[PDB]
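Reviewing the structure listed below.
Side-chain atoms are counted along with the backbone in the values below, which use heavy atoms only and exclude waters and symmetry mates. Per chain, numbering begins at 1; letters A, B, ... match sequence-line order.
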Amino acid sequence: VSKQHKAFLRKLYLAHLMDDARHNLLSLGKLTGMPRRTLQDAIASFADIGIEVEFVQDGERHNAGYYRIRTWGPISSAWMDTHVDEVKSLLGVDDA
Amino acid sequence: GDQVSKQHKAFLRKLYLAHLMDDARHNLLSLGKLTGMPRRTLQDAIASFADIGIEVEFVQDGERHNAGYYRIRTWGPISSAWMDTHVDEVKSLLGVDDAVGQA
């Protein structure tokens, strides 16, 4: 699997984590082992594959916030549900 | 122009080709005359479908005398229905010109 296909599966994997649980850079960091840098670039590049992401805070604007997938666009969120396990290793994801 | 990034433009190119290939039998020569993209842009785009999980095959008749055509083996993580909805929009951004209409 190529550096671009790796990079691609990464985005779909992060998108998947963000879809089933409220996560921010810190939580994604503790869950995936990826450093803040990688996570931000990954997030910053979601638009390049049609995934629109929002960053949401509580009304009083005192919490650390979470990411929300506004739309998956051309990406099938179903597909990722089926191949979570394959992608897990192919990317080398770690944990607390 | 200011619309989308180069990276995003390149992605929509792959989805657009895949859409074209899925609705009619095409090869490099047919894709070239219809879209205006030169042969290398086509080979390279097709070469990178695997990067986004689209498996494409090139198929011929059994006697292998006819010119082949591309077929999408699987769209994988890509939603084909999405392009259906955004074709006009995407075609504009990519600057696709039906070469026969310009001449």
Item checked: CA sep, side-chain torsions, deciding dist, call: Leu25(A), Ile43(A), side-chain contact (heavy atoms from CB on, under 4.5 Å) -> CA-CA 10 Å; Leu25(A) 286 174; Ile43(A) 292 171; 3.9 Å; yes
Notebook entry, point to check: Given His23(A) and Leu14(A), is the side-chain contact (heavy atoms from CB on, under 4.5 Å) satisfied, shown in steps?
Noted result: CA-CA 10 Å; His23(A) 281 275; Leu14(A) 288 178; over 6 Å; no
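With a threshold of 4.5 angstrom between heavy atoms, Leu15(B) approaches chain A through side-chain atoms but not through N, CA, C or O. Residue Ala47(A) touches chain B through its backbone alone, counting heavy-atom pairs closer than 4.5 Å. For chain B, the nearby parts of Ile75(A) are the backbone and the side chain; heavy atoms of each come within less than 4.5 Å.
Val56(A) and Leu39(A) are members of different hydrophobic clusters when ILVMFWY side chains are connected at heavy-atom separations under 4.5 Å.
Between the side chains of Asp94(A) and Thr32(A), not a single donor N or O lies within less than 3.5 Å of an accepting N or O.
Across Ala10(B), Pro77(B), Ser79(B), the residue that shares the most heavy-atom pairs under 4.5 angstrom with chain A is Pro77(B).
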